[PDB]
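In what follows, a single structure is set out as structure tokens and then discussed.
Every read-out reported here was derived from the displayed coordinates using simple, explicitly stated rules and does not represent laboratory data. Heads up, the Cβs are rebuilt from the backbone with ideal geometry, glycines too, and the neighbour counts pull from every protein chain shown.
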Amino acid sequence: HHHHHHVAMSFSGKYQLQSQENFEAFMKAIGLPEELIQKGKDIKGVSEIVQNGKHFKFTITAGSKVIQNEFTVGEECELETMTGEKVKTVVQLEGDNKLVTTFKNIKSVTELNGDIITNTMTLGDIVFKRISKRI
Ligand SMILES: CC(C)(Sc1ccc(CCN(CCCCC2CCCCC2)C(=O)NC2CCCCC2)cc1)C(=O)O
């Protein structure tokens, strides 16, 4: 029962929305329309995470709209948000299945734990959480 062995972890896989904290507080603060907020907590969207050595891909799926972003780890690359805001940043791995990135005042800390994703964002005095699980 349960057999695995590897040095690093595989980001490659698809994950569905499970749970969330400070979603409305964060979304109202970044200035999202209340339609995208009511559908965003009511409907469970889908996520995908893809790793290609130094390259990295991420698919966001919020009910029907799909956003695809690409970046290269340790190199300056431009990332699109849910509203279409394109912002230059770099993403670093801490060697522990966890990617960290910062734009201005929004502190992203991603974490992968096998079949579970844990995403923790912090914009100023607001602290948004997202949890997803493998499909
Ligand atoms: C159901 C759905 C629609 S799925 C969904 C939606 C949004 C997120 C973002 C959260 N985020 C924080 C950081 C937010 C900025 C991020 C930059 C690159 C990709 C776009 C946004 C993030 O993914 N960080 C890193 C990023 C690329 C490298 C590894 C992960 C994640 C899943 C929902 O959650 O509503």
What number results when the radius of gyration of segment 1-79, computed over Cα atoms, is divided by 2.2 N^0.38 Å?
1.37
Round to a whole angstrom and tell me the spacing of the C-alpha centers of segment 69-135 and segment 1-65.
10
Ratio Rg/Rh [Cα only; Rh per Kirkwood] for the chain
0.95
Once the mean of 1/r over all distinct C-alpha pairs in segment 68-124 is inverted, the Kirkwood radius in Å reads 12.2
Calculated from backbone phi, Karplus (6.51, -1.76, 1.60) coupling profile of segment 29-44 in Hz, x at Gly/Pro
6, 7, x, 5, x, 4, 4, 5, 7, 4, 6, x, 8, 6, 8, 7
Value at 222 nm in deg cm²/dmol, rounded to 500, when DSSP H runs of n ≥ 4 in the chain each add -39,500 (n - 2.57)
-3000 deg cm²/dmol
For segment 63-135, which GluC sites (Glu not before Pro) pass both filters: DSSP loop (anything but H, G, I, E, B) and at most 14 other C-beta atoms within 10 Å?
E75, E76, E85, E94
From the backbone phi of segment 75-88, what are the Karplus-calculated ³J(HN,Hα) couplings (6.51 cos²θ - 1.76 cosθ + 1.60, θ = phi - 60°) in whole Hz, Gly and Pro given as x?
10, 5, 9, 9, 10, 8, 7, 4, 8, x, 5, 8, 9, 6
Which ³J(HN,Hα) values in Hz, rounded to whole numbers, follow from the phi angles of segment 110-124 under the Karplus curve 6.51 cos²θ - 1.76 cosθ + 1.60, where θ = phi - 60° and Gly and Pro get x?
7, 8, 10, 10, x, 7, 10, 10, 10, 10, 10, 9, 9, 9, x
